[PDB]
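Let's start with one chain on its own, the form deposited in one PDB entry, as structure tokens.
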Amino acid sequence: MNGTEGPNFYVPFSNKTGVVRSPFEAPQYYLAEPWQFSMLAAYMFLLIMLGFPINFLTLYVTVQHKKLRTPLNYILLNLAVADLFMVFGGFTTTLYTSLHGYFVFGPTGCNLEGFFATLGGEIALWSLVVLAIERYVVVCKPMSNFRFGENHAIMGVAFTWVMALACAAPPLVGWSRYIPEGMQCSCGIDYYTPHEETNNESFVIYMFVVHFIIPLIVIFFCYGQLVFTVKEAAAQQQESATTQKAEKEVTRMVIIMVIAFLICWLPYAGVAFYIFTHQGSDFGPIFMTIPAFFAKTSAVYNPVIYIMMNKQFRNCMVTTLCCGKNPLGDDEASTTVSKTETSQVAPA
């Protein structure tokens, strides 16, 4: 056999030398150099140190500034929240695991590690669908006099969680299961064994279709619409009203957010589809380790795109960090928001 199947795991190493141990009972240093596990640990340490403050700050500024209530401001607030669950929900265990070379917390630690990475990745995938919809409704404007309200945005947010939970929770209650991957310091969906006893195969097809292919189809089809209507081409203020030039900034960001999502999950998705379609083939530990741990960056890149591609939010963050206020130079050069500085309402 090319690997060592356990009743609870599947180590990507031969046990012909009888040196393979359950990833829930002993270190896996026989799979790789011990310094490489330290690498993983240092890496997770740094991700947590980056992920916590970046997402918390994003969360804090959105709340402290009353006028930050567009659908985009909601989705990113929702993302930072999801990202914080990733950091404290799963990254804390993946760091603890990497430090010991195996899941000392047994299957529970594996469920935490896998559930939160999945939840987070999916909340983002579905958040992209919503954003793609919202972006469609404002650019191609399917209605005549319509505008999304805080109510609709909260609906979208509630939606992403329902969809994400529909993908990450089944494995905690009998449909498929979370299992250690690569160097066995991270956990994911069981693509390794057929374990009919928990219907692993049907869940995988369900995950790749309902929670990967379909959403991407929607997203790319919707984009194909904003091919003619709007475009990445943006000049100075106006074009068709300054409300058009500013509307373009948000769309440019949403498109980048998709590029990033793909760059972060296509390799993990790719190696997972392979394994699933080559169960028992001869692949080693590093195979899934690299894409799996790289995908964990999904917990901090969104807020970075937000702050770097949204003049308004960035100015609000500066105003928050510089205490009282003092946005210096630009300030925004457009409408702004906060809790007492200049959140003055400006309708009619």
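Residue indices: 1-based, along the sequence shown. We call the rigid core whatever largest set of C-alpha positions still superposes within 1.5 Å between the two forms.
The stretch with the higher mean CA B factor, choosing between 9-17 and 331-339, is 331-339. Once the C-alpha B-factors are averaged per stretch, 179-187 and 212-220 rank with 212-220 first. Reading the B-factor column for the CA atoms of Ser127, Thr118, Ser240, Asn111 in the entry, the top value corresponds to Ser240.
Of all the options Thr277, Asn78, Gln244, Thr92, the entry's greatest CA B-factor is assigned to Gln244. When the CA B factors of the chain's modelled residues are split into thirds, the value for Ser98 lands in the lowest one.
In the deposited entry, the Cα temperature factor of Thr297 sits in the bottom third of values across the chain's modelled residues.
Annotation for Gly270: CA B-factor lies in the lowest third of the chain's modelled residues.
When the CA B factors of the chain's modelled residues are split into thirds, the value for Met309 lands in the middle one. Ranked against the other modelled residues of its chain, the C-alpha B-factor of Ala169 as given in the entry falls in the middle third.
Only in words, not in the display: the form deposited in another entry, which the text now covers.
Summarising the superposition on the core between the shown form and the other one, the listed residues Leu77, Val250, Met163, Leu99 contain exactly one with a Cα shift of 2 Å or larger, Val250. The Cα position of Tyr306 differs by 2 Å or more between the shown form and the other one after fitting on the rigid core. After superposing the rigid core, the Cα of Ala234 is displaced by 2 Å or more between the shown form and the other one. Once you line up the core between the shown form and the other one, the Cα of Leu57 stays within less than 2 Å of where it was.
Relative to the shown form, the Cα atoms of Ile307 and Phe159 move together by 3 Å or more in that other deposited form. Cα of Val250 to Cα of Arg314: at least 3 Å longer in that other deposited form than in the shown structure.
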